[PDB]
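Peer 1: Protein chains in written order, with the deposited numbering: chain X, 216 to 254; chain D, 305 to 348; chain Y, 56 to 203, 217 to 355, 371 to 743, 751 to 894; chain L, 811 to 861; chain R, 4 to 230, 241 to 346. All C-beta atoms, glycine included, are put in the ideal place defined by N, C-alpha and C.
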Ligand SMILES: CCCCCCCC(=O)OC[C@H](COP(=O)(O)O[C@@H]1[C@H](O)[C@H](O)[C@@H](OP(=O)(O)O)[C@H](OP(=O)(O)O)[C@H]1O)OC(=O)CCCCCCC
Ligand SMILES: CCCCCCCC(=O)OC[C@H](COP(=O)(O)O[C@@H]1[C@H](O)[C@H](O)[C@@H](OP(=O)(O)O)[C@H](OP(=O)(O)O)[C@H]1O)OC(=O)CCCCCCC
Ligand SMILES: *[C@@H]1O[C@H](CO)[C@@H](O[C@@H]2O[C@H](CO)[C@@H](O)[C@H](O)[C@H]2NC(C)=O)[C@H](O)[C@H]1NC(C)=O
Ligand SMILES: CC(C)CCC[C@@H](C)[C@H]1CC[C@H]2[C@@H]3CC=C4C[C@@H](O)CC[C@]4(C)[C@H]3CC[C@]12C
C-alpha cells in the first residue's frame, strides 16, 4: 500500500453517511489551501 | 461551476455497457477499442 | 431474436430535401452505416451516459400506444400525434409540421450512392430543414466501426426507431407504439413485419444527441428482457419498470488515463452478476524450456510455436535493411568458410577443403533457414570444430584407421545421440544457462574473434616485413615466396579504413544529419559501402600486391585421389575396423557436446527478451536439425556445422531496427539466411567478383563485428564500470541495489573465469572448453549464494534485466 | 545545419528568431564569399586577399 | 555507502521557530541569521560516523545563475568547526539511519528562493529540497532588527491593519487586511523583485525596499483607472490585479492603497513596515513651501485644481532598517 503510493501524493477523504433527519442529500467538497495531516 | 464543468466532461467520456448476453471476456474487451477513441482528446 | 432499425431525419445534398435515412440496424449485434454507403462491422452496443439519461427522462413522461389497432405509418403517425396533443406533449399547431415530418420518403442504404449523401438537419416551423446550431459531433461508431440480414428469424417482428430534430419543440418528446398485429410499413424495405415504433422528436439541447438517443432506444429494444416485457406490457409503468431494471444492471465505465486489458478483464464477475440480476426477474433464461514428459513433446511444441508464423517469415524481409544484412552476412560467413577451409585442407590432405565447406555451408544453411525455428542463426564451421578434426586426423594417422570413414561413423552416432536427446527433451537443461554463462561465453568468443583478426594482420606483417632492400622479381604463383614492398602497410591501411568507415556509418545511422529516410537507408548499408569503398581504393592501386579472396575452380573434391563425393561406411581402401564402428561413440559424444553447447548458447544469446523477439525460438528443433545435417553431411566427407555466436549475433544486430537507443523490433525472416547460404554456394561461380576483394577489407569488417558484438553484454558494461569512478555508474538494478565493491568482486570472479577459459583455449587440451564452461553453471547456483545474498544475485544475474 | 533536418536545429537565437531558409541563404552568401576568397588565394594576385 | 533516502526539512517546527507559521506548515520559510534544523535519512546504516562526515558537503544556491562572487552560492561542510555566523551545518543528533542537522545562514544573506544540495565525495550533486530565505527582525545582527517583541508582532506578524482616512479633526479608521502571509504574496513579491537585476544587493533591505517601492508605484500608475468600484478586500487582491491583470481594478478615488500594498510586500519579505496617514498634505510642490489656492467671488473653486494642492490626506509606507550608507544616527523608520 505505502510502496505503491507515489512520494508526492495527497489524500482525498470521502465521507459517506446516512442521516434520517436531513431533508435532502448534501454534498460538501473541500479543497484545503495546503495539504494537512489531520490528527 | 468549474467543478461541474469537469464532472460533465467526465460524464461525456463515460461509457455504459448494457446487459448483453455475450460472454463476459468478449463483451468487456469490446470496450477497449471504444474507450480508446472516447479518450483520444481527453488526455491530449 | 429481433430486428431493429434506426432512422435519422436528414437532408440530401443534391436537391436539399429533408428525408428519413436509416442509420443503424440491430440483430442483437449493432451494425452502423458509414458515409460511403456500406455497413460497418457487427459489434456489441455501447451507450453513452447522456443518452441513457435522456431516454429515461423522456420515457418517464412518454406516450405509450399499446395494442394499437392500425397497420399504416401515416395513420400511426396520426394517432401518435393525437395522443401527443392530448397529453400536452406538443402544441396542436405543431401537428401539421410533425405529420409532414413523419411521412416523408424513408430512404435506405441502397440509394445513398444514388443521392449525394446525407447531412444532419432540424425541421423548422416553415417545414424547412435548416443547419443545426449546436456544435456537431461526428459519430463515434462512424469513426470506429464504419471506416474501411439472413440472421433475422422468419417469425420475428421488427422495430423501427425514428429520431428527428425540430426547433418547434419546448422539450424532447417520446412516443412508444406497439401494434396489436404486426404490420409491414413503407419505411422498412426488409420483408419483416413491424411491431414496435419508437419516435423521438425535439429541439437541439445541451447533452441531447438524438443519434445516441435512438441508439439507446434501439439497444433497449434489442435487449431480450425489455423486449419480453414490452410484448406483455399493458401500461407505461411496466415499460418504465423494465427500463429501471435495465439501468440497474448497466455497467458504467469511467474514463482513465491507463487503459489496460487486464484491468478491464478484472470486471468479469461484475458483468456476469449484472447479467444474472437482469435475467433473474425475467421469465426467460440467458443463452519453451518446459519438460512436457511427452516424447518429442518439445520438438512438436517448437513446431507449433514457429511454423504458424511462416507467412510473415517471407513477407517481413521486403526491406532494404534485409538486403544490406544479406550483403554483410555473406562476407561474414564466406571469409571464415574459405580461411578454415584451406586450413583443414592443408592439415587434412585436401580430403576436406574449401569445396566441401562451401557446399556444406550452403546446403545446411538453405535447409536450416527453410526448416529451422530460429532463422537468424548462421550455420558455419567453428574453431573447436577445426581442432577436433585435427585431433581425429592425428589419431587415425597414428592407428592406420582412415579419416573420411571414421567421420562417416561419427556423424552416424551423432544422429542417434540427437534423436535420443530430442526424444527425451534433453534441450530443456538449457534453462540453467543463466546470463552468467551466456555472457562469459559470448565475451570470450568475441575476444577470440578480435585476437584472431589482429593476429592475421600480425602474420601478414611477418610475411612481408618492412625492409630497406627487396627483390624486385619474386615469384607470385601460388603465393609470393618472398617479402614484397608496400604490402603490409597497405593491408593495415585498408583494414583501418574499412573499420573506420564502418564505424562512421554506424554513427551516421544514429546521427542527426540528412533526411531521416536516406540516413537510415545509408545507415543499414554501412558495411557494404565500406567494403565497396575500400575495394575500389585497392583496385585503383595496380602496382602494389594485396592478398585477395581465393575460391576453388569448381564444385569438385579438393583431393580427387583421396575420396569421392560419397564415402563407403565400411572402407575406401582397406577394411575399416568394426571397433571404430563402435569406438566412434565417445568422440561423437564430444562433438555432440560441442555443437549442443554452441548452438543452444547462441540461441539463448540471440533470443533474449530484451532484444524484442516475439516469434519464439525452438531449441529442440534447431538442435535436431543442426546435428542431423552434420551427421548426414558426414556421410559424404562433408563438415559438421554449428550455430556460431559471432555470425548469428551479427545477423541479429543487422536485422534489428532502433527506436527514437531502444530496441524496437527485429526483422525475423527466413529470406536473409537462405540468400546468404545461396550466395556462399554460388561463390565458386562468381570468382571474378571475389578475386578483387582484399583480405584486409574483410579484416576490418571482422574487427567491426567483434567490437559491435559487445553491445548487449552486461559483463562488458561491468568491465567498463571498473574504470569509471563510482559516480558515473548508470542507474541500473545491479548498480543501485548492490554495493560497488561487491559488484566489482562479482565482475572479478567472472574475469577469473574468462582468464581460465582463455588459458585453456591456448593449450593443446582446447576440447575441454565446453566442460570447463559448464563449471560456471555450478558456481552461479551452488557456491555464489555462499558469498552473496539473494537480492544481489537477482540484480547482478537477471533473466530479463529486472530489479527482482 | 545546412545538412540537418530542421527538427534537430538547436534552440539558439539565430534559429528560433530566423526562418530556416533565411538562415541557409545567409550561410550560402557567406559560402560565396568563402569561395571568392579561395579563388583569390589561388591566383598570382593573391596579395589582394586582404582587400 | 552513504546513499540518501530522503530529507525532512521539518517545515512546521522550523516555521514556528522562525515566525513564518502563518505562511505555511509544509514549505520551509526561514529568516536569515537563525539556525534551522533538517533531518537527513540514509538508505543503509552508517557504520563509521566521522569518515562519513568528512565525505559530505552542503550547497545553497539562489537565483538562476548562482555564483560565489554574488553570494548567491555557498558551499559549507557539516562539522562543529563551521562558522555559525556564516553558512554552516552541524549534526546535533544522530542514529544509525539519520542525521539531525542544524543549518545556519549569514545575517546578511541574499533573500529569495533557495535550493539545498548535498555533495557526497565521489558522487553527483543531489537536491535536498527548497527553502525561502527572508529578512529577520528577530536577529540582532540583521539590518531590520527590532528591539521590541511587541513591535515585531505589530509590524511584521499582524495581518489585520488599520488605514486611517478622513479629515484631521474627524479620523475614521478603516479595517484593512494586509494579508502578507497569504500563500502567493511571498511568491508574487519575489517575482516582482526579480525584475531587478542586482541580485547581489538583495541582501540589503534599503535596496529591496527602494526597488519594490519604485515598481509598485509604476504598477499603481499603470493599473489604477480614472473614475462596487470602492469595495476593498485588503492589499492582496490589489497586488494580484496589479501583477497579473486579473481581478477587480482600483480606481483613482482610492489611490491611497499603494501604501498598504507596499506595506504588505515589505512585511511578507521580512522588512518591518507600517502605513502612515498625513492629514492636510501639500502635494505636488517640488519642494516649494507655498501653495496657491484660487477661489471665485462666491467662495468656490472653478477648475479641476492646481498641480500643487493640499490633499485632505495622503498615505505613505514607513519601513524599519538601518542606514549603513548614511551618516551616523539615521537608523530606524
Ligand atoms: C540528399 C537528400 C535530399 C537532398 C535535397 C534536400 C531536400 C530534402 O529532401 O529535404 C531535406 C529535409 C526537409 O524535409 P523535413 O526536414 O521537413 O523532413 C523531416 C526529415 O525527413 C527528418 O529526417 C524526419 O525525421 P527523422 O530524421 O526521420 O527522425 C522528419 O520526420 P517526422 O518525424 O518529423 O515526421 C521529417 O519531417 O530536411 C533535411 O533532412 C535537411 C538536410 C537536407 C540536405 C541534403 C543535401 C545533401
Ligand atoms: C592509473 C590511475 C589510477 C587507477 C587506480 C585508481 C584506484 C583508486 O584510487 O580507486 C578508488 C578511487 C576513488 O575515487 P572517488 O570515486 O572517491 O573520487 C571521485 C573521482 O575521482 C571522480 O572522477 C571525480 O569526478 P570529477 O573529476 O569531479 O568530475 C569525483 O569528484 P568529486 O566528487 O570530488 O567532485 C571524485 O570524488 O578511484 C575511483 O573512483 C575508483 C575507480 C577508478 C578507476 C580505476 C582505474 C581506471
Ligand atoms: C591426396 O591424398 C593423397 C593420399 O591420401 C596424397 O598423396 C600422399 O602425399 C603425401 C605427401 O607427400 C605422401 O604420403 C605421399 O606422397 C602420398 N601418399 C600416398 C599413399 O599416395 C596427396 O598428396 C593428396 N593431395 C593433395 C592435393 O592434398
Ligand atoms: C548408431 C548406429 C551407427 C548403429 C551402431 C553401430 C552398430 C551397432 C552396427 C551398425 C551397422 C553394423 C554392421 C552392419 C554390417 C556388417 C557386415 C557384416 O558382415 C559384419 C557385421 C557388420 C560390420 C555390422 C556390425 C555392427 C554395426 C557396425
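1. Comparing C-alpha positions only, which one of Y:499, Y:753 and Y:699 sits nearest to residue 708 of chain Y?
2. Tell me, which residues are paired with residue 173 of chain Y by DSSP?
3. Starting from residue 249 of chain X, find everything on chain R with Cβ-Cβ shorter than 9 Å and list it in chain order.
4. Contact criterion: CB-CB distance below 9 Å. Does residue 327 of chain Y meet it with respect to chain R?
5. Please go through the same chain and pick out, in chain order, the residues whose beta-carbon is closer than 7 Å to the beta-carbon of residue 291 of chain Y, but skip the five residues on each side of it.
6. Only counting the same chain, and skipping five residues up and downstream in sequence, which positions put a Cβ closer than 6 Å to that of residue 430 of chain Y?
7. For the stretch 620 to 654 of chain Y, list every residue whose C-beta sits within 9 Å of some C-beta in chain C, in sequence order.
8. What I want to know is whether the C-beta of residue 754 of chain Y ends up closer than 8 Å to one or more non-hydrogen atoms of ligand 3.
9. According to DSSP, simplified to helix, strand and coil, what is residue 78 of chain Y?
10. Mind listing, in chain order, the continuous alpha helix (DSSP H) runs of no fewer than 4 residues lying wholly within the stretch 627 to 682 of chain Y?
11. Looking at the secondary structure, which residues open and close the beta strand (DSSP E) in which residue 163 of chain R lies?
12. Does the beta carbon of residue 315 of chain D come closer than 9 Å to any beta carbon on chain Y?
13. If you pair each beta-carbon of the stretch 181 to 196 of chain R with each one of the stretch 294 to 305 of chain R, do three or more pairs fall below 8 Å?
14. So for residue 271 of chain Y, helix, strand or coil by DSSP?
15. For residue 316 of chain Y, which of Y:108, Y:711, Y:453 and Y:64 has the nearest alpha-carbon?
16. So what does DSSP say about residue 240 of chain X, is it helix, strand or coil?
17. State the DSSP-derived secondary structure class of residue 105 of chain Y, mapped to helix, strand or coil.
18. Please state whether the Cβ-Cβ distance between residue 724 of chain Y and residue 716 of chain Y is less than 9 Å.
19. On the three-state DSSP scale, how would you describe residue 702 of chain Y?
20. Using 8 Å as the Cβ pair cut-off and three pairs as the minimum, do the stretch 224 to 242 of chain Y and the stretch 57 to 65 of chain Y touch?
21. Which residues mark the beginning and the end of the beta strand (DSSP E) in which residue 789 of chain Y is found?
22. Suppose you measure from the CA of residue 129 of chain Y to the CA of residue 152 of chain Y; what does that come to, to the nearest Å?
23. Hey, would you say the C-beta of residue 817 of chain L is under 8 Å away from at least one heavy atom of ligand 1?
24. Which residues of chain L have a Cβ atom closer than 9 Å to the Cβ of residue 597 of chain Y, listed in chain order?
25. Quick test of the definition: if touching needs 3 or more C-beta pairs under 8 Å, does the stretch 818 to 825 of chain Y touch the stretch 570 to 586 of chain Y?
26. Can you tell me the Cα-Cα spacing of residue 745 of chain Y and residue 174 of chain Y, whole angstroms?
27. Look at the alpha carbon of residue 313 of chain R and the alpha carbon of residue 346 of chain R, and state the distance between them as a whole number of angstroms.
28. Round the Cβ separation of residue 420 of chain Y and residue 463 of chain Y to the nearest angstrom and send it over; I've been treating them as touching at under 8 Å.
29. Quick one: what's got a C-beta closer than 6 Å to residue 703 of chain Y's C-beta in the same chain, skipping five residues either side?
30. Classify residue 237 of chain R as buried or exposed, calling it buried when 16 or more other Cβ atoms lie within 10 Å of its own Cβ.
31. Closer than 7 Å by C-beta to residue 140 of chain Y: which residues in its own chain qualify, once you throw out the five before and the five after it? Chain order, please.
32. Quick one: is the Cβ of residue 432 of chain Y within less than 8 Å of any heavy atom of ligand 3?
33. In angstroms with no decimal places, state the Cα-to-Cα distance between residue 319 of chain Y and residue 277 of chain Y.
34. Measure how close the beta-carbons of residue 850 of chain L and residue 858 of chain L come, nearest whole angstrom, since I'm counting them as under 8 Å.
35. Can you tell me which of Y:226, Y:327, Y:534 and Y:885 puts its alpha carbon nearest to the alpha carbon of residue 346 of chain D?
36. Per DSSP, which residues does residue 725 of chain Y bridge with? Please list them.
Peer 2: Based on what the coordinates show:
1. Position 625 of the third chain holds residue 708 of chain Y. When each option's Cα is compared against that of residue 708 of chain Y, the closest is Y:499.
2. Translated into positions along the third chain, residue 173 of chain Y becomes position 118. Answer is Y:67, bridged to residue 173 of chain Y.
3. Walking along the first chain from the start, residue 249 of chain X turns up at place 34. Near residue 249 of chain X (Cβ distances below 9 Å), the residues of chain R are 27, 28, 29, 30 and 186.
4. Locating residue 327 of chain Y in the third chain gives position 259, where the first residue counts as 1. No, no contact with chain R.
5. Here residue 291 of chain Y corresponds to residue number 223 of the third chain, with the count starting at 1. 314, listed in sequence order.
6. Taking the first residue of the third chain as position 1, residue 430 of chain Y is located at position 347. Closer than 6 Å at Cβ, skipping near neighbours: 473.
7. Of the protein chains in the structure, X, D, Y, L and R, none is chain C.
8. Counting from one through the third chain, the residue named residue 754 of chain Y turns up at place 664. For residue 754 of chain Y, the shortest separation between its Cβ and any heavy atom of ligand 3 does not lie below 8 Å.
9. Translated into the one-based positions of the third chain, residue 78 of chain Y becomes position 23. Residue 78 of chain Y carries a strand assignment under DSSP once its states are collapsed to helix, strand and coil.
10. 663 to 666
11. Within the fifth chain, residue 163 of chain R is the residue found at index 160, counting from 1. First-last of the beta strand (DSSP E) with residue 163 of chain R: 163 to 169.
12. Here residue 315 of chain D refers to the residue found at position 11 of the second chain. With its beta carbon less than 9 Å from one in chain Y, residue 315 of chain D belongs to the interface.
13. no
14. Sequence index remark: in the third chain, residue 271 of chain Y carries index 203 (1-based). Of the three classes helix, strand and coil, the one that applies to residue 271 of chain Y here is coil, per DSSP.
15. The count along the third chain starts at 1 and reaches residue 316 of chain Y at position 248. Of the listed residues, the one whose Cα sits closest to residue 316 of chain Y is Y:108.
16. The count along the first chain starts at 1 and reaches residue 240 of chain X at position 25. Annotated three-state conformation of residue 240 of chain X is coil, per DSSP.
17. The residue given as residue 105 of chain Y occupies position 50 in the third chain. Helix at residue 105 of chain Y.
18. The residue labelled residue 724 of chain Y in the question sits at position 641 within the third chain. The residue labelled residue 716 of chain Y in the question sits at position 633 within the third chain. Contact: yes.
19. The sequence position of residue 702 of chain Y within the third chain is 619, counting from 1. In the structure shown, residue 702 of chain Y sits in a helix (DSSP, three-state: H, G or I).
20. Between the stretch 224 to 242 of chain Y and the stretch 57 to 65 of chain Y there are three or more C-beta pairs closer than 8 Å, enough to call the two in contact.
21. In the third chain, residue 789 of chain Y corresponds to position 699, counting from 1. It is not in any beta strand (DSSP E) - residue 789 of chain Y instead sits in the alpha helix (DSSP H) that spans 785 to 798.
22. What you label residue 129 of chain Y is simply residue 74 of the third chain in a count that begins at 1. What you label residue 152 of chain Y is simply residue 97 of the third chain in a count that begins at 1. Residue 129 of chain Y and residue 152 of chain Y: Cα-Cα distance of roughly 13 Å.
23. As a working note, residue 817 of chain L is residue 7 in the fourth chain. True, at least one ligand heavy atom lies under 8 Å from that Cβ.
24. In the third chain, counting from the first residue as 1, residue 597 of chain Y sits at position 514. Near residue 597 of chain Y (Cβ distances below 9 Å), the residues of chain L are 813, 814 and 815.
25. no
26. Along chain Y, the last residue before the gap is 743 and the first after it is 751, so residue 745 of chain Y carries no coordinates.
27. Here residue 313 of chain R refers to the residue found at position 300 when the fifth chain is read from its first residue. Here residue 346 of chain R refers to the residue found at position 333 when the fifth chain is read from its first residue. In a straight line, the C-alpha of residue 313 of chain R is about 40 Å away from that of residue 346 of chain R.
28. In the third chain, the residue the question calls residue 420 of chain Y occupies position 337. In the third chain, the residue the question calls residue 463 of chain Y occupies position 380. The pair is a contact, with the Cβ atoms about 6 Å apart (cut-off 8 Å).
29. To locate residue 703 of chain Y, count along the third chain from 1; it is residue 620. So the list reads 381, 382, 385, 505 and 510, once near-sequence residues are dropped.
30. In this structure residue 237 of chain R is absent; chain R steps straight from 230 to 241.
31. Start at 1 with the first residue of the third chain, and residue 140 of chain Y comes out as number 85. Result list for residue 140 of chain Y: 147 and 150, in chain order.
32. Numbered from 1 along the third chain, position 349 holds the residue referred to as residue 432 of chain Y. Within the cutoff, so yes.
33. Locating residue 319 of chain Y in the third chain gives position 251, where the first residue counts as 1. Locating residue 277 of chain Y in the third chain gives position 209, where the first residue counts as 1. Residue 319 of chain Y and residue 277 of chain Y: Cα-Cα distance of roughly 20 Å.
34. Residue mapping note: residue 850 of chain L aligns to position 40 of the fourth chain, counting from 1. Residue mapping note: residue 858 of chain L aligns to position 48 of the fourth chain, counting from 1. Residue 850 of chain L to residue 858 of chain L, Cβ: 6 Å. Contact.
35. On the second chain, position 42 is the one that residue 346 of chain D refers to. Closest option to residue 346 of chain D, Cα to Cα, is Y:327.
36. Against the third chain, residue 725 of chain Y aligns to sequence position 642. Beta-bridge pairing links residue 725 of chain Y to Y:463.
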